[PDB]
Every structure is written in C-alpha cells, then in structure tokens.
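Close look at the chain arrangement
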2 protein chains.
Amino acid sequence: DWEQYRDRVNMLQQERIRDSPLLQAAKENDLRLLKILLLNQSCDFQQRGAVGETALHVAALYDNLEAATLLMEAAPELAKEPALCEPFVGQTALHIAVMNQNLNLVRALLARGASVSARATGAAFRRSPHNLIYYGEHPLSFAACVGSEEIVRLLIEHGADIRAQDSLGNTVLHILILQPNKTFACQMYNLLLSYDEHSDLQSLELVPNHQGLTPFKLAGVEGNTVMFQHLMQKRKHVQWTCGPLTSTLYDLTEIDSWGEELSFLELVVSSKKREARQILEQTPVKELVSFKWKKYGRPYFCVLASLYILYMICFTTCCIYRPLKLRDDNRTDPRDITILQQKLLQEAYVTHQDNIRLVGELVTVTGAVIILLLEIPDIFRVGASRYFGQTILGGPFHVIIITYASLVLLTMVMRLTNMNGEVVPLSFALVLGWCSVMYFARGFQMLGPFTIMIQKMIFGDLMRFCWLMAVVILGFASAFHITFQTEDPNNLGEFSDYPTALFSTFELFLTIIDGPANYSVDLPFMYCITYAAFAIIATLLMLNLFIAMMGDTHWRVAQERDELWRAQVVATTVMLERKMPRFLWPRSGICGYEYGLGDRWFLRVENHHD
Amino acid sequence: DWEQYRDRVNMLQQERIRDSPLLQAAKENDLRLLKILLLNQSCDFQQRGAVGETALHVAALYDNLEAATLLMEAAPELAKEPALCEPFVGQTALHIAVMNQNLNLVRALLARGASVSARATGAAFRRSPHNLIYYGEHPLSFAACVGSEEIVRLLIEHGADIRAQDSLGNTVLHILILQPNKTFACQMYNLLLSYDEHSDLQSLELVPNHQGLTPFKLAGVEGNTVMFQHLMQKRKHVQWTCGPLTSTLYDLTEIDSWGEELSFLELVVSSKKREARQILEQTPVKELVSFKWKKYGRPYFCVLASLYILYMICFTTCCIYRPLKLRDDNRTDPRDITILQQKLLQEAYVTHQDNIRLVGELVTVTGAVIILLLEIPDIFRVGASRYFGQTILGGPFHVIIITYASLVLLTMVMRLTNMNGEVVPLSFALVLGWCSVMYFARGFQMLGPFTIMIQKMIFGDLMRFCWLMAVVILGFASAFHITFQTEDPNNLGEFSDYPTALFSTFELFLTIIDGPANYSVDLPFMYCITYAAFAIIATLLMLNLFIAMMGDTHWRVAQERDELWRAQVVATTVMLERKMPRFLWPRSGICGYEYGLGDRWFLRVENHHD
Ligand SMILES: CC(C)[C@@H](C)/C=C/[C@@H](C)[C@H]1CC[C@H]2C3=CC=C4C[C@@H](O)CC[C@]4(C)[C@H]3CC[C@]12C
Ligand SMILES: CC(C)[C@@H](C)/C=C/[C@@H](C)[C@H]1CC[C@H]2C3=CC=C4C[C@@H](O)CC[C@]4(C)[C@H]3CC[C@]12C
Ligand SMILES: CC(C)[C@@H](C)/C=C/[C@@H](C)[C@H]1CC[C@H]2C3=CC=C4C[C@@H](O)CC[C@]4(C)[C@H]3CC[C@]12C
Ligand SMILES: CC(C)[C@@H](C)/C=C/[C@@H](C)[C@H]1CC[C@H]2C3=CC=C4C[C@@H](O)CC[C@]4(C)[C@H]3CC[C@]12C
C-alpha cells in the first residue's frame, strides 16, 4: 500500500513491542523476565500489539524458540491466534515460523495445534509492486516459496491442502513459478507434484487461477524459462536415440491450445514482461512456430501483402484521377494560385474514365469497410490499451489502418454530400495508407527489424527530443520574426508571418531549406548574429545529437534483431490463426490418434546431441 | 526429404514396434517375453516393421545386446537382412550397432556373418540439409565418422574395403573430412592411411569423388583447416633447423595444380562456405599466393588497369566530341530546350577531327569486342549463376563490364543505322564503364576492401531498405501531388506531374534539393503539414537510420579487411593465371628436378620458431 502508512505501522508495532514488558521480553529472548511474567499470573497473556500480533508472533518474528516454547507452555491458545489489523490480517505465528525456517518452532506450533490452513488475507501478502515478495497466503505456499523442503513435508504430513488458492486464485504451483530464484523451484515443483497422492479431480497443474492461467500458461506469460523447460521435460517422450541423433516427441496439448479463447502463444506474445520473449526460443515452441510460419504463415501473409499493395495502388490511382474542373471565379488576390476546384457530384461520373474511377472508388470503400470489420472486434476482444499499445502485435499499424479506413469513409461522405475540402482527408489517407504497408515488412527477416527501429525511434527518441527542439524552434522563430517585423516581406518573406516563421525555422533546423539570404539588399544586422547562433546551436549540435541518439537506438535494436523478428513472426502467426478460417489453417502437428497415442497432438523434434 | 513424411515414417515405425509383441520385447529388453516368443515356435521370426526393419534392427537401435543375442541365437539370418523401405533402404543391424558404438554387438554380428560391405542407399543417409548428419553408406565409413577406432580396426580385420564410394563417389577419407568435429578426425585419417596395406592402384588420397575432388581438394573447399594442416604435415620436408630458424620445403603438387581444369586455389576461392577463406591463411598457400601476387600478379594487374583507364579516357573523349548539328525545326513549344541533334552518318566523318574521332571509336569498338571475347567463355566454363553471383571472383564487375561492351556495340549499331537516341546507351556506357574501374581497386590493399563495402551496402543493405523508402516515397509523392493538383504549376512546379512528384520527393528524401517554397504566393495549408511530417519521418529518421546501417556494414567489413583483400588477391591471381598466356606466367616454386628431387615442384618456407 502506501509507504508512509506501512512505515507508521512498523513504527507503531515496534513502539507497542517496546512498551509492553511481555512483548519486550519475547523480542529480546529474556528468559528470566518472561518466566517471571508467565509463572506470575497477573491474569494477562493476550496483550496484542499495534498490528494485533500476540507475544507468540513477536517470539517467532525475532527467532526466539525458547521464548516461544515458554509462551506456548502457558496458555497455548496463542498458537491459534491471527493478527487483527490491516497490513497483517490472517497472519499467524505459523507463517512467521515457516518464513524464518525455524523447523523446531514449526514442529512445536503443529504440536500445539497451529492452523495449517490459515489464509492470511493481509495487505502485505498480496501480489503488488509495493510488496517486495509474494509468497502466497498459506503456510504450505510460504514453505514452498522459501525453499525448506522439510517444512513442506512436515506441513503436508499434518494435512495442509495442496489445492488451496489465494485471492488471485493462485495455487502453490503458481506462486512457486512466480518466484525469481529458479534453482530450488524445480525441485519444489517435483516435491509438490509427488505429494499429489490425491490424483483424482484434475491434477494441480490443470488448476486455473482467477485470471484463467494454468501453471504452464503462467510460466509462459512470466517468462520463467527454467520452469518452462522443467514442465516440458515431463511432457516429452524420447522416441529413439541412434548415435548422436535423438528423436523425441513433444506433446502440444497445452502449447498449441486448440479450441481455446486465449492460446498459449497469444498469452506469451501479449505479455508486459520482457523475459516472455525467451519462451519463443525454447525447444518445442520454436519448431512449432517455425513450422506454422513456413508452411502457412508466410504464403498467406505474402498473399495479403500483395492484395493490400494492389488495393493501395487502386486508392492512389483514384486519388490521382480525382475529378477537378476549372475555377469559376477570378483570381483577384495576386498571392492566390488556385486554378482548379472539385467538380460537383452531378458534374462528375459522366465519361467512361469517370466510371472506371467510380469502380475503383467502390473497391476502395469496400476495402475500408472490410478493414473496419476486421479491426473493430479486436478492440473489444482484448483491452483497447493492450491492443493499441504493444509493439509486437502490430500496435500503431492497427491505429493507422483504422485511421486510414475512417478517413476513406469520411472522404466518401464528403464526396456524396458535395462538401469541399477532400484534399485534407485524401492526403491524410494517402500518407497513412501507404505507410501501413510497412506492417507487411514484418513477414520478412531482412526488413522486419527495421519497422521496430523506426517505432523505437519515433515513440522512443523523437518524443523525448522534440521538446528541446520545439523550445529552440519557439525561441529562434520568435527572434527571426521580430527581427524581420520592420522589413519589407517581398525581399525576404521567410519570416513574414509567425506561423510561417515557425515553419521556416523548423526547416532551417532540419537543414532542408537554404539559409535566408538576399545579397542584393541590406538585411538587418541582428539576423546575421541570430542565424549564426542558430546554425551553431540548432543545426549543428542538436541535430547531430539526435542523429547520434538514433544511431544508438538502431544499434540497440540491431543487437537483438532475430529475437524481435521471431516475436513478430509468432504474433503474425497467432493473428492469422485467429482471424483466417479454420479450413485454411489445419491443426499443427502429428495427429496421434491414427498411431494409437490418444487424442493428443504431437511435434517430433530430431536433434544432434554430443 | 520432406519433414512431414519423415515424421509419419517415424510415427509408423514406433506404431509397428508397439503393435508387434516381438518388436516390443526387443525394444524394451524384456528377456522373459522374448525367450517365450523365440523358444516358442509359432513359425514367425521375420516380422518387418513399417520401414522393413527386423527385430534385430529394433534390438540394435535401443542398445539391447541381450535381446539381440537372443534374436541371433534362433534364426541368425536376421544378421543379413536390410530394411525394405524408402528412408532406410540398405541399412542393416551392423550400421545401427556401429553408430551406437556397441562393440560387443558388432563382434556378435560379425560372428554371425553380418554384411561388412552393406551399401545403405537410404534417403536418410544422403548428404542433404534435411539430414543432420552425413556419415556415409558403409559400416567402415560409419565407424570412422563416429569415432570408435576399435570398431574401425575390427571392421578392417574382417575385410571391409577402404576404397569404397558413396552415391556421391565419396570414399571414407572424404566423409571423414566432412565431419564437423576435427580432433579425432586427424587420428582416424592416420589410422585409415596406416591400414592402406594395399598401397598398389593409387593411394586412397588420390581417389576422386563424382565431383572430381581429392580429399586434399575437399579439405580446401569445405574450409577444413585442421585437416588441411594435417594433410600438409605429411607433404612437407624440413630442410634444416638452426637455432630458431626452421627452413622447410613444402610440396606443391596438389596446391599449385599444374595442368588441371580446376586448380586447388580456384576451388578454394569459388566456394559457398565462409570457412573456405581461411585456407588462404594457411602456411604454404599464403606464401604461394604472396609470391605469385608480388612477382607476377601486381605488375600485370597494374598494366591492365592502366590500359583500361586509357581505354575509358578514349571512350569518354569520343563521347564528349560526339558529332552534333543545329536543330533543323523550330522550337514551337516554349518548354522545349533542345537546340542540337545528331548528325547523319554522311554528315559526320568529314573533317580531320572527325577522323580522329573515328580512330577513337574504332579503338572503343575493338576494346568492347576484346572484352566480350574475354568474358563470354567464362560464363560457359563455369555456371552462369556461379560466375555472376560471387563477390570474391569479380561478380557484379563482370556483369557491368559485359553490359558496357553490349551498350558500346549497340551504340555502334545505332550509329551505323542512323538511329536517333544514342544518348541513352552512351550515358549508360559512360556510367557503367567508369564504375568498372573500381574492379582494379582490388589490386591495392588500401582501396580493395572499399569495393567490398560498397557491394555489401548495395546488395546487402540498400536492397532491403529500398522497400520502406519506396513506400514512404509512394505515399508522400501522391500526397504532394494531390495537394498541388488544384494549383498553378508556374509558381511551384515540383509536383505538377506524378512522375515529377515521385522524382522530387525522392530528391527531398535524400535532401539533395531544397524544400519547395514560394513565399511570394500563398501555398495550400495541407502542404506545410505534409512536408513537416515528411521532414520529420523521411529526411530525419529513415535517412539517418540508413546512414547508421551503412556505418554498421562498413564496420563489419572493416573488422575483416585483410582476409577479404587476400581472398580478392587469390581470386585475381587465379584469373590472371587462367586467362593470360603461359609464357608470361612461369610455374611457381623451385623446379626440383635439377636438385634430384623428382618432377615435383616445391616452395621453401623459412620461419622463426620459439
Ligand atoms: C499526414 C501528416 C499530416 C502526418 C499526420 C503524417 C504522419 C505519418 C507520416 C506518421 C504518423 C505516425 C507514423 C508511424 C507510426 C508508427 C509506426 C509503427 C512503427 O513500427 C513503424 C513506423 C510507423 C508505421 C510510422 C509511419 C509514419 C507515421 C504513420
Ligand atoms: C520540433 C517538433 C515539435 C516537431 C515535430 C514540430 C514541428 C512544428 C514546429 C511544426 C509541425 C507542423 C508545422 C505547421 C503546420 C502548418 C502550418 C500552416 C502554414 O500555413 C504555416 C506554418 C504552420 C503553422 C506550421 C507551424 C509549425 C509546425 C506546427
Ligand atoms: C546509368 C543509370 C541509369 C544506372 C543504371 C546506373 C547504375 C550504376 C551507377 C550502378 C548500378 C550497379 C552499381 C554497382 C554494382 C556492383 C558493384 C560491385 C561492388 O563490389 C562495387 C560497386 C559496384 C561496381 C557498383 C557501381 C555502380 C553501379 C554500376
Ligand atoms: C527509393 C528507392 C526504391 C530508389 C532506388 C528508387 C527511386 C525511384 C522513386 C526513382 C528512380 C528513378 C526515378 C525516375 C526515373 C525517371 C523519370 C522520368 C522523369 O521525366 C520524371 C521522373 C521519373 C519518372 C522518376 C520517377 C522516380 C524514380 C523511378
């Protein structure tokens, strides 16, 4: 929760420990004062602290086995007392004794009758970035997550339910997977699977949490590669081993996820963790997505890319041959250079070429409607921020594709209603529609990690550098405008108006226009000093600083090009499996039923070991 | 072959193993059930699997020595039974027993009379990228490639022919060289040479395969540097060793390859493997090509470069002084600026300077004919794709040189036929002919690894980045054309026509022209927003991204500059040895016959060891 509230809670807990002499003796392991208190019978033994902790909780917290046994000899009901305050509600002495790995204290508490199924629904025991650890809500979950196998065996022998869930629905396998240390996690997973004598019901592995994730899916989502390898070791079958050639037969019941709302690969790719992209490098998943991409994903993606390119060619040809007529009125203003205008709806669609344009425009409108019908339910199937905010699963390409379809439909509306100004949505749709073709650059290895470079340059570096650049533009444009306020605009009109001054200074920042010079006339002397300062500071230092930032970003992406391209391949394959019809996408892998191996589907992997 | 077919074959093989109780007992090493089957006499013992494998093949496949001896005690004819299906045709139990290194099983099979010359012509035993290994087609080849020397000795003692070839003609030395692991390969090569008691016939080393490669040539082609060093250890003679100076005398019978169609160095350089360029760094080859390049290659290459430069000077001077006359007709169109045209064949070649031009044009046509006569039979001596598609042996320089000669001859044809439009082939030939002079940059160390940088930037990076760049050009050119469709073209004519809009936006992408600005008139407001987006996205992000890609490509080539330059030196020296007359290229090395060492030719290497 709040850091200040937890600090006040800890300070109040230490204050109530230091104020109470029984709690002070329990903390400091003062056996004489504690025995004088307990042998004495002032009739008080349940003094609670600031968090509602008993004296047994204080004895277990500071590793005081002798003081805890003294507190359990007299009035042993403290072995069945949880805390009664917000940051530690539900925590007993058994939880602290398990977390401190005091095995004799856990033995003594289970001898005195500790609650082995004590569900600690505390604020500090929830999975949150405020808490440093998430060990669970049960003593068995705590003992499995800490790493003491003997305490796990002791709690199981006393009757701790392995199939117990948290507030998030997580069983002990989920919280065991969620731990960062993974050396002992595989052995603890083996121990908890070995103690599943129940085996009735479904196996603990098939138990989903409240998010609907199995432990296999949670190992996929969180990027736990070691637990993923340990899980696939239990689901593989070595067919044969001849010399150095080992042929094994992995099971694809959970990896492929046939007939499910969210497949395993979709959950792996659409994950906020950076370590989830290493699951695609693992042994069954890499061969599975390579088979899917090489057999079905690449030809279908190339066909869709060719259709989209021809569609954009038709839209561009309809933009070029747009119906325009001569201007009716006279150009009274000498600075106005508009000689054509848009024809009316009655004036257009007359000749044969206009009917060809009508056919192409119907093709364009139908394609935009098809685009909207393909993209709109994906914003409601998952979250809008998740669908619009991930690099791997398209992302900004979907936003500009939906914007392109919306602008094409708006152009159609303005065409049918005889509204002037189709140049703005047609230019927007021509820029956005052609730039969306780079989405289909993710289907090729050489060009795919380039769109990721451009994405991590625009939203990565350009959105940070544009504030300093805009500050320099807003300074020097105002300076250049006020130096040329008392000047004739016919000789040097690059700073005549302040919007034009902003645009001209932006161009001079990017060095795409020449410096404003008119040597036939006498420019003001302040312009030369201001432009020398602009050339030193803006065009030389900051522009090449942005060039170096883009170079470092390109190097950072190019050091991990194949991983990002494989992630894009899996994202594209998942999207094509979800959206295309099922008869064009047969089920991947060996059928297995024709070979007598049941209804499961397998992937055969032949490797060259030693 | 196909991955799905091999997967179906393996699944069917495991299905037929699991269905048959004899094969199941042979796989699982169930001695009791197997003895009940064999001691029983249901009169069946040759049940074949899905691949035609016997029960002895299943026993040898899963390392079941006891089950294999039980299957060989009753009906031992299974020791002489190969498989009878496509992926394993010709494979016996001896092959699997050798590959599994079960020495007692190989002893038992040779005791029962296994076929020691069993030629396994299977689909899985062929050298292909589908197969993970290529161990050969014979049990001796399998035992030499796996690494068990005792099984090699056992097979040789029973009469396995060492001089046996595969479907590719490869003997056991070729397949032993083709293995990736090279520590045991030298010892196995020594063992197989030591067992060549035949020594009649030619030595196994001089036995070529179906591609015509000796094991020395195959070690050169595949880049096996360790086997190359081991082969040159057997062909060197240490003349003396005084202090730290060791003078040895390498033999150049196979490295130089006098009087052969394909020399050793040509096969090393024209190799698809990247590791073949390390053969040129080895001890005799480096000194040999350095002697050849320093004595003969560099002066002849500099003479040819000077002749080609003077030839291009003559061609350029004939292009500058091209016969042109005043235009006969009148310039009716105000946008037409053509004032000259080409003179007729009768009108030209009149004055003295025209006769000097005629002499130069005859020189140019003769040089192009000489160029075609030098380059045309090289396209038929080797493959066309091999000759036109390798960086080291010229490659694109040969294509542009042949194109230059073809365009010069086409210009001559258009000159003789009075056909208008010599400017197109003359401009093409002037661009391509002068750019071919960079071919002669490969003869100098400092400038040579620069043409490789440009080649790996054009075909490496430019051919990948040009699709995204063309996408941005096709978007923004159409946007800029439709914003200036309803505008007067006299004020801003950079986007008047769509081809001119494409060209102007390509120039604005490369920042070689200024931004289109006409401050005397009022430009449309959409142009400013579209050009600000073009300046942000195209000229700033993508152009400098391509700059960073070229920087990384230049760094990648510059980290290996000397290796690539030495490869180009060997390629140039091989080309000059092949194409120049023999009297200008004396045989390299010590003659040897005058010193009583036979007809062989030697290279003396003096090195400073310790
Ligand atoms: C038309 C003008 C007014 C302005 C709006 C135009 C903006 C275009 C050029 C910009 C806006 C956002 C840009 C953009 C958004 C995000 C991505 C995803 C990235 O992975 C590749 C580049 C890509 C695809 C680029 C392409 C160019 C876009 C679409
Ligand atoms: C430096 C960063 C922030 C980049 C991205 C922004 C550039 C700014 C300065 C650019 C982007 C688009 C430009 C722009 C849009 C359109 C017009 C209308 C035109 O008739 C006058 C110039 C004017 C008013 C300019 C002003 C400067 C703008 C707003
Ligand atoms: C004349 C115009 C129309 C066009 C066709 C001209 C193209 C020229 C400039 C281009 C085409 C291909 C280019 C090219 C091909 C390949 C190589 C081999 C490389 O190792 C060095 C650069 C070099 C030699 C370059 C030189 C420049 C060339 C020849
Ligand atoms: C971005 C990459 C793909 C680079 C290599 C390609 C550039 C394209 C856009 C260039 C290359 C040559 C250019 C070109 C060739 C010749 C002409 C004829 C001229 O009268 C009008 C422009 C026009 C029609 C332009 C159009 C744009 C072209 C085709």
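Each chain carries its own residue count, running from 1 in the order of its written sequence; this scheme can depart from the entry numbering, and residues that have no coordinates do not appear. Key to labels: chains lettered from A, ligands numbered from 1, both in the order written. What you see is one piece of a larger assembly, and the values refer to that piece, not the whole. Note that water and hydrogens are dropped before the side-chain values are worked out from all heavy atoms of the structure.

The PDB entry lists chain A under the name Transient receptor potential cation channel subfamily V member 5, with Oryctolagus cuniculus as the source organism. As deposited in the PDB, this entry carries the title "Wildtype rabbit TRPV5 in nanodiscs in complex with oleoyl coenzyme A, Open stated". UniProt positions are given in the numbering used here, feature names are shortened, and annotations may be inferred rather than shown by experiment. We quote the UniProt Catalytic activity comment for chain A here in full: "Ca(2+)(in) = Ca(2+)(out)". The annotation that UniProt attaches to chain A under Sequence similarities is "Belongs to the transient receptor (TC 1.A.4) family. TrpV subfamily. TRPV5 sub-subfamily."

**A few points about the interface of chain B and chain A**
The interface of chain B with chain A comprises 64 residues on the first partner and 68 residues on the second. Any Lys or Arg side-chain nitrogen found within 4 Å of a carboxyl oxygen on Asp or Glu counts as a salt bridge. Where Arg8(B) meets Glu594(A), a salt bridge forms, and the shortest distance between an N and an O atom there is 3.2 Å. In protein, a polar contact requires one atom able to donate a hydrogen and another able to accept it; more generally it is a pair of N or O atoms within 3.5 Å, and residues adjacent in sequence count only if both atoms are side-chain atoms. Counting every contact that joins chain B to chain A gives 15 residue pairs in polar contact. Going along the chain from the N terminus, every DSSP run of H or I of four or more residues is numbered as a helix, and every run of E of two or more is numbered as a strand. At the level of elements, α1 (3-19), α6 (93-99), α20 (448-483) and α22 (525-558) of chain B are the ones that each hand at least two residues to the side of chain B that touches chain A. Among the elements that make up the side of chain B that touches chain A, the one with the highest residue count is α22(B) (18 residues). When the residues that make up the side of chain B that touches chain A are grouped by side-chain class, the tally is 37 nonpolar, 16 polar and 11 charged. Here, two residues are considered to be in contact whenever any of their heavy atoms come within 4.5 Å of each other. When residues are grouped by polarity, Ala, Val, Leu, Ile, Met, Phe, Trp, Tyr, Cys and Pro land in nonpolar, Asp, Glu, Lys and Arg in charged, and all others, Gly among them, in polar.

**Thoughts on the UniProt feature "intramembrane region" in chain A**
UniProt records the feature "intramembrane region" at residues 496-516 of chain A, using the numbering of this structure. Along residues 496-516 of chain A the backbone is 57% helical and 0% strand, and the end-to-end C-alpha distance reaches 12 Å.

**Observations concerning the UniProt feature "binding site: Ca(2+)" in chain A**
If you check UniProt for "binding site: Ca(2+)", the listed places come out as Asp514(A) in our numbering. With respect to the element layout, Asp514(A) can be found in the loop between α21 (498-509) and α22 (525-558). Beyond its immediate chain neighbours, meaning those up to four positions away, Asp514(A) contacts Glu494(A), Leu508(A) and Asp514(B).

**Some words on the packing of helix α19 (residues 423-435) of chain A against α22(B)**
Where α19(A) contacts α22(B), the two axes come as close as 10 Å, and the packing angle between them is 15°. Of the possible angle classes, the one that applies to α19(A) and α22(B) is roughly parallel. With respect to the hand of their crossing, α19(A) and α22(B) are arranged in right-handed fashion. Two secondary-structure elements touch here, α19(A) through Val424(A), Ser427(A), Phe428(A) and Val431(A) and α22(B) through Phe525(B), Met526(B) and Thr530(B). By residue class, the composition of the contact of α19(A) with α22(B) is five nonpolar, two polar and no charged. To obtain an axis, a line is fitted to C-alpha atoms, over the contacting stretch when the element is a helix, and the angle between two such axes runs from 0 to 180 degrees between their N-to-C directions. Orientation labels follow simple angle bins: below 35 degrees gives roughly parallel, above 145 gives roughly antiparallel, 65 to 115 gives roughly perpendicular, and whatever is left gives oblique. By convention, the crossing between two helices is left-handed when the near helix turns anticlockwise from the far helix through less than a right angle, and right-handed when the turn is clockwise.

**Here's the deal with the relation of the copies chain B and chain A**
A least-squares fit on C-alpha atoms is used to superpose the copies onto one another. It takes a turn of 90° to lay chain B on chain A, together with a shift of 0.0 Å along the axis; the resulting RMSD is 0.0 Å. With respect to symmetry, the two chain copies, as superposed, fit the operation of a four-fold axis. Relative to the rotation axis, the closest C-alpha in chain B is found at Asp514(B), a distance of 4.8 Å. In this assembly, only 3% of the residues forming the interface of chain B have copies in chain A that are likewise at the interface, indicating a heterologous arrangement.

**Considering the nonpolar core**
Residue and element names in this part refer to chain B. Counting 105 residues, the largest nonpolar core has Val106, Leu109, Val152, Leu155, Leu192 and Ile255 as the members making the most contacts within it. The dominant element in this core, judged by the number of residues it contributes, is helix α11 (residues 183-194), at seven residues. If near-sequence neighbours (up to four positions away) are discounted, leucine 192 is found in contact with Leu140, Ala144, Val152, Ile156, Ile162, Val172, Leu173 and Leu176. To define a nonpolar core, start from buried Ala, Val, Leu, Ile, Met, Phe, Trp, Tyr and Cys residues and group those joined through side-chain atoms within 4.5 Å. Exposed residues in this analysis have more than 50% of their type's maximum accessible area, buried residues have under 20%, and partly exposed residues fall in between, with area computed by a 1.4 Å probe over protein chains only. Within the second largest apolar cluster, 102 residues are counted, among which are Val471, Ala479, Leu492 and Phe534.

**Things to note about the packing of aromatic side chains**
Here a pair means two rings of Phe, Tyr or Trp (six-membered ring of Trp) with centres within 6.5 Å. Their orientation is stacked below 30 degrees between planes, edge-to-face above 60, and tilted elsewhere. In the structure shown here, the tally under the stated rule is 65 aromatic pairs over all chains. Summarising the aromatic geometry, the rings of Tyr439(B) and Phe440(B) are spaced 5.4 Å apart at their centres and angled 80° between planes, so their arrangement reads as edge-to-face. A single burial state applies to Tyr439(B) and to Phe440(B), both of which are buried. Three or more aromatic residues joined by ring pairs form one cluster here, namely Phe503(A), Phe506(A), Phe476(B), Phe480(B), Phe484(B), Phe495(B), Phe509(B), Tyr527(B), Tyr531(B) and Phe534(B). Both a distance and an angle decide whether a charge sits over a ring: NZ of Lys or CZ of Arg must be within 6 Å of the ring centre and within 35 degrees of the ring normal. Taking NZ or CZ as reference, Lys27(A) lies 6.0 Å from the ring centre of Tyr62(A), over its face.

**As for the site of ligand 3**
All names here are of chain B. One heavy atom within 4 Å of a molecule or strand is enough for the residue carrying it to be called near that molecule or strand. Near ligand 3, the surroundings consist of 13 residues, among which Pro396, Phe397, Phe428, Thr451 and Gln455 are the closest. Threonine 451 is positioned such that a nitrogen or oxygen atom in its backbone is 3.0 Å from an oxygen atom of ligand 3. The side chain of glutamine 455 places a nitrogen or oxygen atom 2.6 Å from an oxygen atom of ligand 3. With the chains in place, 66% of the 620 Å² that ligand 3 exposes on its own is no longer accessible. Surface accessibility in these figures is a Shrake-Rupley result with a 1.4 Å probe; residues are shielded only by whichever protein chains are displayed.

**Some details on the sheet that holds strand β2 (residues 245-251) of chain B**
Residues and elements named next belong to chain B. If DSSP finds at least two bridges between two strands, the strands pair. The strand order β1-β2-β5 describes an open sheet built from three strands, whose pairing is antiparallel. The strands lining the two open edges of the sheet, one partner per strand, are β1 (236-242) and β5 (602-608). Strand-to-strand, the axes of this sheet are offset by a mean angle of 20°, without reference to chain direction. Sheet contacts for helix α15 (residues 283-320): β2 and β5; angle to β5, the most-contacted strand, approximately 110°.

**Brief notes about the pattern of salt bridges**
Residues and elements named next belong to chain A. A full pass over the atoms with the stated rule returns 55 salt bridges over all chains. Between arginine 127 and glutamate 222 there is a salt bridge, and its shortest N-O distance comes to 3.4 Å. Through salt bridges with shared partners, a single ionic network connects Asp354, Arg357, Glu361, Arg415 and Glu422.

**Focus: the pairing of strand β1 (residues 236-242) of chain A**
All names here are of chain A. The pairing of β1 with strand β2 (residues 245-251) spans six bridges and is antiparallel. From the neighbouring strand, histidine 237 faces β2, where its bridge partner is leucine 249. Two successive antiparallel strands, β1 and β2, enclose a turn made up of two residues, where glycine 243 displays a positive phi of approximately 65°.

**What about helix α21 (residues 498-509) of chain B?**
The end-to-end C-alpha separation of α21(B) is 16 Å, in line with the 16 Å expected for 12 residues at 1.5 Å each. Among the residues making up α21(B), those that are buried are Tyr498(B), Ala501(B), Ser504(B), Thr505(B), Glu507(B), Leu508(B) and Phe509(B). Where α21(B) is buried, its residues contact α15 (283-320) of chain A together with α20 and α22 of chain B. Positive backbone phi, at 55°, marks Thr511(B), one or two positions downstream of α21(B). An expected span of 1.5 Å times one less than the residue number is assigned to each helix.

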